[PDB]
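Undergrad: Hey, dropping start.txt in here, compact mmCIF, C-alpha atoms and all ligand atoms:
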```txt
# COMPACT_ATOMS: atom_id res chain seq x y z
CA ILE A 1 -6.87 -4.60 -5.31
CA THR A 2 -9.32 -7.28 -6.46
CA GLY A 3 -12.70 -6.38 -8.06
CA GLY A 4 -11.65 -2.74 -8.52
CA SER A 5 -10.81 -0.56 -11.51
CA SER A 6 -7.95 1.56 -12.84
CA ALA A 7 -7.75 5.03 -11.30
CA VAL A 8 -6.95 7.98 -13.58
CA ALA A 9 -3.42 9.44 -13.29
CA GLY A 10 -3.19 11.90 -10.37
CA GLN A 11 -6.61 10.94 -8.92
CA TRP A 12 -5.06 9.78 -5.63
CA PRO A 13 -1.97 12.03 -5.40
CA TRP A 14 -1.12 10.95 -1.82
CA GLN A 15 -0.70 7.28 -2.84
CA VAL A 16 2.95 6.13 -2.83
CA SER A 17 4.71 2.89 -3.74
CA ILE A 18 7.15 1.53 -1.16
CA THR A 19 9.95 -0.69 -2.42
CA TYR A 20 12.57 -2.88 -0.76
CA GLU A 21 15.65 -3.71 -2.82
CA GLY A 22 13.81 -2.31 -5.85
CA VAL A 23 10.67 -4.47 -5.49
CA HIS A 24 7.22 -3.01 -4.63
CA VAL A 25 6.18 -4.38 -1.22
CA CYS A 26 3.63 -1.92 0.21
CA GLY A 27 1.57 1.21 -0.25
CA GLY A 28 1.78 4.40 1.80
CA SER A 29 0.27 7.88 2.08
CA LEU A 30 2.01 11.24 1.77
CA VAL A 31 1.00 13.40 4.75
CA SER A 32 3.42 16.34 4.42
CA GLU A 33 6.55 17.50 2.54
CA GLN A 34 8.79 14.94 4.27
CA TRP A 35 6.49 12.35 5.90
CA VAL A 36 4.68 9.25 4.65
CA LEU A 37 2.35 7.01 6.66
CA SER A 38 2.38 3.25 6.11
CA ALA A 39 1.95 0.00 8.08
CA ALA A 40 4.62 -1.09 10.62
CA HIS A 41 4.55 -4.69 9.36
CA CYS A 42 5.95 -3.44 6.00
CA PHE A 43 9.21 -2.65 7.80
CA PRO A 44 10.66 -5.66 9.66
CA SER A 45 13.59 -4.81 11.97
CA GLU A 46 16.08 -6.94 10.00
CA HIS A 47 15.52 -4.93 6.81
CA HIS A 48 18.05 -2.21 5.99
CA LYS A 49 16.72 1.34 5.84
CA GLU A 50 19.05 2.15 2.89
CA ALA A 51 17.37 -0.53 0.76
CA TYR A 52 13.97 1.19 0.81
CA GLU A 53 12.53 3.65 -1.66
CA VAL A 54 9.35 5.67 -1.92
CA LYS A 55 7.91 6.47 -5.34
CA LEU A 56 5.53 9.44 -5.46
CA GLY A 57 3.32 10.86 -8.25
CA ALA A 58 3.08 7.54 -10.08
CA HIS A 59 0.15 6.04 -11.96
CA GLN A 60 1.58 3.18 -14.03
CA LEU A 61 4.46 1.76 -11.96
CA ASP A 62 6.31 0.22 -14.91
CA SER A 63 5.95 3.32 -17.11
CA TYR A 64 8.31 6.27 -17.21
CA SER A 65 6.85 9.53 -15.95
CA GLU A 66 8.37 13.00 -15.64
CA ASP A 67 5.78 13.56 -12.87
CA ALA A 68 6.97 10.69 -10.65
CA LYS A 69 9.65 11.26 -8.01
CA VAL A 70 11.67 8.67 -6.07
CA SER A 71 13.05 9.16 -2.54
CA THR A 72 15.04 7.17 0.00
CA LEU A 73 14.34 7.26 3.76
CA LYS A 74 16.07 9.15 6.60
CA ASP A 75 14.04 7.35 9.29
CA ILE A 76 11.48 4.59 9.81
CA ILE A 77 9.32 4.97 12.93
CA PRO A 78 6.90 2.13 13.75
CA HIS A 79 4.55 2.71 16.65
CA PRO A 80 6.21 1.31 19.84
CA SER A 81 3.14 -0.86 20.56
CA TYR A 82 3.55 -2.93 17.37
CA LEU A 83 4.65 -6.53 17.99
CA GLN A 84 3.55 -9.28 15.57
CA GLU A 85 1.32 -9.68 12.49
CA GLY A 86 -2.24 -8.83 13.60
CA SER A 87 -1.31 -6.77 16.67
CA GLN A 88 -2.38 -3.19 17.42
CA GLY A 89 -0.16 -0.24 16.45
CA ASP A 90 0.34 -1.36 12.85
CA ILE A 91 1.35 2.13 11.68
CA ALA A 92 4.71 3.67 10.77
CA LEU A 93 5.96 7.17 10.10
CA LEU A 94 8.55 7.40 7.32
CA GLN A 95 10.79 10.44 6.99
CA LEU A 96 12.05 11.03 3.45
CA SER A 97 15.82 11.72 3.09
CA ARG A 98 14.92 15.18 1.75
CA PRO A 99 11.62 17.08 1.56
CA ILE A 100 9.76 16.93 -1.74
CA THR A 101 7.79 19.61 -3.61
CA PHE A 102 4.03 19.13 -4.04
CA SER A 103 2.65 19.06 -7.57
CA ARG A 104 -0.59 18.25 -9.36
CA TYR A 105 0.46 14.56 -8.97
CA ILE A 106 2.02 14.72 -5.48
CA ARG A 107 -0.18 16.03 -2.64
CA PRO A 108 -0.62 15.23 1.05
CA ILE A 109 -3.79 13.68 2.51
CA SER A 110 -5.49 15.35 5.48
CA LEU A 111 -5.22 13.41 8.72
CA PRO A 112 -8.27 12.88 10.96
CA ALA A 113 -8.42 14.16 14.54
CA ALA A 114 -8.39 11.64 17.42
CA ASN A 115 -12.13 12.11 17.77
CA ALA A 116 -13.05 12.01 14.10
CA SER A 117 -15.79 9.48 13.49
CA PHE A 118 -16.39 7.97 10.11
CA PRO A 119 -19.84 6.33 10.17
CA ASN A 120 -20.58 2.67 9.42
CA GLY A 121 -21.45 2.31 5.76
CA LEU A 122 -19.51 5.38 4.56
CA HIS A 123 -18.29 4.74 0.99
CA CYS A 124 -14.52 5.16 1.14
CA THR A 125 -11.91 4.22 -1.47
CA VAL A 126 -8.91 1.91 -1.06
CA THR A 127 -6.05 2.10 -3.61
CA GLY A 128 -2.89 0.18 -4.50
CA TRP A 129 -0.66 -1.75 -6.87
CA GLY A 130 -1.14 -5.02 -5.00
CA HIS A 131 -2.45 -8.33 -6.34
CA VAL A 132 -5.65 -8.38 -8.41
CA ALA A 133 -6.65 -11.80 -7.04
CA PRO A 134 -5.03 -14.22 -4.56
CA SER A 135 -1.45 -14.82 -5.83
CA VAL A 136 -2.09 -12.93 -9.10
CA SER A 137 0.09 -9.85 -9.69
CA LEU A 138 -1.27 -6.66 -11.28
CA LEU A 139 -0.18 -6.86 -14.93
CA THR A 140 2.41 -4.47 -16.42
CA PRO A 141 2.35 -1.43 -16.87
CA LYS A 142 0.61 -1.64 -13.45
CA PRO A 143 -1.89 1.29 -13.43
CA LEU A 144 -3.03 2.24 -9.92
CA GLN A 145 -6.16 0.32 -8.85
CA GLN A 146 -9.08 1.76 -6.84
CA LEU A 147 -12.10 0.30 -5.09
CA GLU A 148 -15.08 1.80 -3.29
CA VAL A 149 -15.64 0.03 0.03
CA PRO A 150 -18.22 0.78 2.75
CA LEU A 151 -16.98 1.02 6.34
CA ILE A 152 -17.68 -1.98 8.57
CA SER A 153 -17.41 -1.72 12.38
CA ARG A 154 -14.78 -3.82 14.14
CA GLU A 155 -17.59 -5.64 15.97
CA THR A 156 -19.35 -6.85 12.80
CA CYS A 157 -15.98 -7.53 11.20
CA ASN A 158 -14.95 -9.80 14.10
CA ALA A 159 -18.23 -11.71 13.73
CA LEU A 160 -17.54 -12.13 9.99
CA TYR A 161 -13.95 -13.35 10.58
CA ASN A 162 -15.31 -15.90 13.09
CA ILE A 163 -17.30 -17.62 10.28
CA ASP A 164 -15.48 -20.78 9.05
CA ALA A 165 -12.37 -19.57 10.92
CA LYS A 166 -9.00 -21.34 11.15
CA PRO A 167 -8.64 -22.25 14.87
CA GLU A 168 -4.88 -21.69 15.07
CA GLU A 169 -5.19 -18.18 13.65
CA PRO A 170 -5.91 -14.94 15.30
CA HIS A 171 -8.07 -12.78 13.11
CA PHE A 172 -8.91 -10.27 15.81
CA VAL A 173 -9.90 -6.75 14.78
CA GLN A 174 -8.32 -4.59 17.50
CA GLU A 175 -9.64 -1.38 19.09
CA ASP A 176 -7.40 0.70 16.76
CA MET A 177 -8.88 -1.01 13.68
CA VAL A 178 -11.85 -0.80 11.33
CA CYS A 179 -12.96 -2.85 8.36
CA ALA A 180 -14.25 -2.02 4.89
CA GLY A 181 -15.67 -4.18 2.12
CA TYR A 182 -18.41 -6.70 1.45
CA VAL A 183 -19.76 -9.78 3.24
CA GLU A 184 -19.66 -11.63 -0.09
CA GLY A 185 -16.36 -12.05 -1.92
CA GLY A 186 -14.86 -10.38 -4.91
CA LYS A 187 -13.86 -6.85 -3.91
CA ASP A 188 -10.97 -6.20 -1.51
CA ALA A 189 -7.37 -5.08 -0.94
CA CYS A 190 -4.68 -7.73 -1.52
CA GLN A 191 -1.01 -8.48 -0.90
CA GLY A 192 1.03 -5.44 -2.03
CA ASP A 193 -1.79 -3.04 -1.11
CA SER A 194 -0.97 -3.05 2.64
CA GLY A 195 0.28 0.19 4.17
CA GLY A 196 -1.77 2.20 1.65
CA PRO A 197 -4.73 4.61 2.08
CA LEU A 198 -8.37 4.16 2.90
CA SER A 199 -9.51 7.61 1.75
CA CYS A 200 -12.92 8.77 3.05
CA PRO A 201 -14.91 11.80 1.80
CA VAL A 202 -15.86 14.39 4.45
CA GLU A 203 -17.16 17.96 3.88
CA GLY A 204 -15.79 18.27 0.33
CA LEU A 205 -12.39 16.82 1.30
CA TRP A 206 -10.68 13.43 1.70
CA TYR A 207 -9.23 12.08 4.95
CA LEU A 208 -6.89 9.23 5.68
CA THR A 209 -9.34 7.11 7.66
CA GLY A 210 -7.38 3.87 7.48
CA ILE A 211 -4.07 2.28 6.61
CA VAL A 212 -4.39 -1.15 4.93
CA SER A 213 -3.35 -3.64 7.62
CA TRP A 214 -4.33 -7.32 7.22
CA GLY A 215 -6.96 -9.91 6.19
CA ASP A 216 -7.50 -13.44 4.86
CA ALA A 217 -7.11 -14.46 1.19
CA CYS A 218 -8.15 -11.28 -0.61
CA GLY A 219 -11.75 -11.17 -1.81
CA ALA A 220 -12.83 -14.23 0.19
CA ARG A 221 -16.35 -14.06 1.58
CA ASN A 222 -16.66 -12.96 5.26
CA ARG A 223 -13.13 -11.49 5.15
CA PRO A 224 -13.29 -7.77 4.38
CA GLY A 225 -10.03 -5.79 4.60
CA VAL A 226 -8.76 -4.66 7.99
CA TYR A 227 -7.36 -1.16 8.47
CA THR A 228 -5.51 0.71 11.19
CA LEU A 229 -7.46 3.87 12.17
CA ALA A 230 -5.38 7.02 11.65
CA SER A 231 -7.53 8.69 14.35
CA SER A 232 -6.11 6.26 16.94
CA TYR A 233 -2.64 7.75 16.29
CA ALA A 234 -3.47 11.44 15.73
CA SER A 235 -1.69 12.68 18.88
CA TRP A 236 1.39 10.47 18.38
CA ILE A 237 1.74 11.49 14.72
CA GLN A 238 1.38 15.19 15.54
CA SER A 239 3.93 14.86 18.35
CA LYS A 240 6.53 12.93 16.29
CA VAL A 241 6.27 15.17 13.22
CA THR A 242 6.36 18.44 15.22
CA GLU A 243 9.41 17.44 17.29
CA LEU A 244 11.21 16.37 14.09
CA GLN A 245 9.95 19.15 11.74
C1 LIG B 301 -1.87 -6.26 2.74
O1 LIG B 301 -0.98 -6.61 1.96
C2 LIG B 301 -3.16 -7.03 2.81
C3 LIG B 301 -4.28 -6.50 3.46
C4 LIG B 301 -5.46 -7.24 3.51
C5 LIG B 301 -5.54 -8.51 2.91
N1 LIG B 301 -6.67 -9.26 2.94
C6 LIG B 301 -7.92 -8.78 2.84
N2 LIG B 301 -8.13 -7.58 2.48
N3 LIG B 301 -8.96 -9.57 3.12
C7 LIG B 301 -4.42 -9.03 2.27
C8 LIG B 301 -3.23 -8.29 2.21
```
When written as structure tokens, how does the structure in this file appear?
TA:
Amino acid sequence: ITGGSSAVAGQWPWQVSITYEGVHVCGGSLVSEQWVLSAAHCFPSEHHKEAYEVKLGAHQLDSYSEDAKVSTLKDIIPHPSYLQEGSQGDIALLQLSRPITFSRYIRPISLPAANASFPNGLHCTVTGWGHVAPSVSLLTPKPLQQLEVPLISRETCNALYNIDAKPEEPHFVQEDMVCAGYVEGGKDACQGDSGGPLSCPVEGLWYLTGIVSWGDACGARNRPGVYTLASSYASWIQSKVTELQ
């Protein structure tokens, strides 16, 4: 997260760290006792399931905490529609090897219905332990970073991404995607933040509106963060989790 600030411990109790061979690679969101939502691109097919971990209830990643819990995975389920970087269906269900117990630091985030609308300009928050500027790691002890970002429609976002665009690149915001951020630079999600939550406030609660997907160099002007809409996968998630509950 660039241009953000340190969250307080336990402020975003659904935020998880996802590691591969012990190294933080992506964020994710706890959605029940045994399921985490993240981005499909965080889990390439050649990676071994047994090499992944999920760390829950953490604030400072490098610090020891009696409140943090670490789990391995029983299953990794990317949406079948996911193909390459930038494509639709950039969402994955992760089943923990065993269910965990909720605590003051470990709590699930409510999922939006298929027809939940979050209005343009709604001030949501994106969180993560990703880079704090292009190619600059968050410094040890790595406290969780947070950033308020207003929602930006895919249509405006596509227009923004078309400004000074690299010809050879797709930067197409798909029908299952939304953006959030600022036309000017400075404040955005970065590498290491992907797969994590865009939490939006509705009727006294917080919903998982978006899963950090992709973007240009983080914090560049005309390049706000791109998110997969959880609403686009409401039915699929409910089906998968119920069959495998
Ligand atoms: C994920 O690691 C990720 C998401 C988004 C960006 N770029 C922008 N937010 N512009 C980089 C990396």
Undergrad: Is it possible to get the residues within 8 Å of (3.8, -2.5, -5.9) (coordinates as in the file, counting only C-alpha atoms) written as an mmCIF file with C-alpha atoms, in the frame of the given file?
TA:
```
data_model
loop_
_atom_site.group_PDB
_atom_site.id
_atom_site.type_symbol
_atom_site.label_atom_id
_atom_site.label_comp_id
_atom_site.auth_asym_id
_atom_site.auth_seq_id
_atom_site.Cartn_x
_atom_site.Cartn_y
_atom_site.Cartn_z
ATOM 1 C CA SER A 17 4.710 2.890 -3.740
ATOM 2 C CA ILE A 18 7.150 1.530 -1.160
ATOM 3 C CA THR A 19 9.950 -0.690 -2.420
ATOM 4 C CA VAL A 23 10.670 -4.470 -5.490
ATOM 5 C CA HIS A 24 7.220 -3.010 -4.630
ATOM 6 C CA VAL A 25 6.180 -4.380 -1.220
ATOM 7 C CA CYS A 26 3.630 -1.920 0.210
ATOM 8 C CA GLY A 27 1.570 1.210 -0.250
ATOM 9 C CA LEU A 61 4.460 1.760 -11.960
ATOM 10 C CA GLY A 128 -2.890 0.180 -4.500
ATOM 11 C CA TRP A 129 -0.660 -1.750 -6.870
ATOM 12 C CA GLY A 130 -1.140 -5.020 -5.000
ATOM 13 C CA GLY A 192 1.030 -5.440 -2.030
ATOM 14 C CA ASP A 193 -1.790 -3.040 -1.110
#
```
Undergrad: Residues of stretch 76-162 of chain A that approach stretch 205-228 of chain A to 12 Å or less, counting all atoms listed in the file: could you list each one with the shortest pair of atoms and its distance in Å to one decimal, rows by chain and increasing residue number, as CSV?
TA:
```
residue,atom,partner,partner_atom,distance
A:79,CA,A:228,CA,11.6
A:82,CA,A:228,CA,11.6
A:84,CA,A:214,CA,11.6
A:85,CA,A:214,CA,8.1
A:86,CA,A:214,CA,6.9
A:87,CA,A:213,CA,9.8
A:88,CA,A:228,CA,8.0
A:89,CA,A:228,CA,7.6
A:90,CA,A:228,CA,6.4
A:91,CA,A:228,CA,7.0
A:92,CA,A:211,CA,9.8
A:93,CA,A:211,CA,11.7
A:107,CA,A:206,CA,11.7
A:108,CA,A:208,CA,9.8
A:109,CA,A:207,CA,6.2
A:110,CA,A:207,CA,5.0
A:111,CA,A:208,CA,5.4
A:112,CA,A:207,CA,6.1
A:113,CA,A:207,CA,9.8
A:114,CA,A:209,CA,10.8
A:115,CA,A:209,CA,11.6
A:116,CA,A:209,CA,8.9
A:117,CA,A:209,CA,9.0
A:118,CA,A:209,CA,7.5
A:119,CA,A:209,CA,10.8
A:122,CA,A:209,CA,10.8
A:123,CA,A:209,CA,11.4
A:124,CA,A:209,CA,8.6
A:125,CA,A:206,CA,9.8
A:126,CA,A:212,CA,8.1
A:127,CA,A:212,CA,9.3
A:128,CA,A:212,CA,9.6
A:130,CA,A:218,CA,10.4
A:131,CA,A:218,CA,8.6
A:132,CA,A:218,CA,8.7
A:133,CA,A:218,CA,6.6
A:134,CA,A:218,CA,5.8
A:135,CA,A:217,CA,9.0
A:136,CA,A:218,CA,10.6
A:147,CA,A:225,CA,11.6
A:149,CA,A:224,CA,9.2
A:150,CA,A:224,CA,10.0
A:151,CA,A:224,CA,9.7
A:152,CA,A:224,CA,8.4
A:153,CA,A:226,CA,10.1
A:154,CA,A:226,CA,8.6
A:155,CA,A:226,CA,11.9
A:156,CA,A:222,CA,10.1
A:157,CA,A:224,CA,7.3
A:158,CA,A:223,CA,9.3
A:159,CA,A:222,CA,8.7
A:160,CA,A:222,CA,4.9
A:161,CA,A:223,CA,5.8
A:162,CA,A:222,CA,8.5
```
Undergrad: Determine, counting all atoms listed in the file, which protein, DNA and RNA residues have an atom within 7 Å of an atom of residue A:28; residues of the same chain fewer than 2 positions away are not included. Present the result as a ChimeraX atom specification.
TA: /A:15-18,26,30,36-38,195-197
Undergrad: Grab the atom CA of residue A:102 to atom CA of residue A:33 distance for me, in Å with one decimal place.
TA: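 Those two atoms sit 7.2 Å apart.
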Undergrad: What does the distance between atom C7 of ligand LIG 301 (chain B) and atom CA of residue A:191 come to in Å, to one decimal place?
TA: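 Atom CA of residue A:191 lies at a distance of 4.7 Å from atom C7 of ligand LIG 301 (chain B).
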Undergrad: From the structure block, carefully write stretch 104-120 of chain A out with N, CA, C and O atoms; format it as a tab-separated table (two decimals), in the first residue's frame.
TA:
```tsv
chain	number	residue	atom	x	y	z
A	104	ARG	N	-11.03	-12.09	18.70
A	104	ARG	CA	-11.04	-10.65	18.51
A	104	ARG	C	-10.10	-10.18	17.37
A	104	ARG	O	-10.26	-9.08	16.85
A	105	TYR	N	-9.16	-11.03	16.96
A	105	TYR	CA	-8.22	-10.70	15.88
A	105	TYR	C	-8.47	-11.45	14.56
A	105	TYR	O	-7.85	-11.15	13.53
A	106	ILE	N	-9.38	-12.43	14.61
A	106	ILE	CA	-9.63	-13.33	13.49
A	106	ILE	C	-11.15	-13.45	13.28
A	106	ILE	O	-11.83	-14.15	14.03
A	107	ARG	N	-11.67	-12.76	12.27
A	107	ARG	CA	-13.11	-12.67	12.04
A	107	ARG	C	-13.41	-12.65	10.55
A	107	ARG	O	-12.66	-12.05	9.79
A	108	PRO	N	-14.52	-13.28	10.12
A	108	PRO	CA	-14.84	-13.30	8.71
A	108	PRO	C	-15.46	-11.98	8.23
A	108	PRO	O	-16.06	-11.24	9.02
A	109	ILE	N	-15.28	-11.67	6.95
A	109	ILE	CA	-15.94	-10.51	6.35
A	109	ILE	C	-17.20	-10.98	5.61
A	109	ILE	O	-17.21	-12.02	4.95
A	110	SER	N	-18.27	-10.21	5.77
A	110	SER	CA	-19.52	-10.46	5.08
A	110	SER	C	-19.34	-10.34	3.57
A	110	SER	O	-18.68	-9.41	3.09
A	111	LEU	N	-19.94	-11.27	2.84
A	111	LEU	CA	-19.89	-11.26	1.39
A	111	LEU	C	-21.13	-10.59	0.81
A	111	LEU	O	-22.24	-10.79	1.31
A	112	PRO	N	-20.95	-9.78	-0.25
A	112	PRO	CA	-22.10	-9.12	-0.88
A	112	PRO	C	-22.93	-10.09	-1.73
A	112	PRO	O	-22.38	-11.05	-2.28
A	113	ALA	N	-24.22	-9.82	-1.82
A	113	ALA	CA	-25.10	-10.55	-2.74
A	113	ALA	C	-24.74	-10.23	-4.20
A	113	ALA	O	-24.06	-9.24	-4.47
A	114	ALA	N	-25.20	-11.06	-5.13
A	114	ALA	CA	-24.94	-10.85	-6.55
A	114	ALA	C	-25.38	-9.45	-6.98
A	114	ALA	O	-24.72	-8.80	-7.80
A	115	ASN	N	-26.49	-9.00	-6.40
A	115	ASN	CA	-27.08	-7.74	-6.81
A	115	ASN	C	-26.79	-6.56	-5.89
A	115	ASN	O	-27.45	-5.51	-5.98
A	116	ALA	N	-25.80	-6.73	-5.03
A	116	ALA	CA	-25.33	-5.65	-4.18
A	116	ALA	C	-24.63	-4.62	-5.07
A	116	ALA	O	-23.79	-4.96	-5.90
A	117	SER	N	-25.03	-3.37	-4.90
A	117	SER	CA	-24.39	-2.27	-5.61
A	117	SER	C	-23.69	-1.40	-4.59
A	117	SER	O	-24.25	-1.06	-3.54
A	118	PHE	N	-22.45	-1.08	-4.89
A	118	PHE	CA	-21.68	-0.16	-4.10
A	118	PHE	C	-21.45	1.05	-5.00
A	118	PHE	O	-20.84	0.92	-6.07
A	119	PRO	N	-21.99	2.22	-4.60
A	119	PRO	CA	-22.05	3.38	-5.49
A	119	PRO	C	-20.68	3.97	-5.81
A	119	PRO	O	-19.77	3.93	-4.97
A	120	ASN	N	-20.54	4.51	-7.02
A	120	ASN	CA	-19.38	5.32	-7.38
A	120	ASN	C	-19.09	6.32	-6.28
A	120	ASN	O	-20.01	6.96	-5.77
```
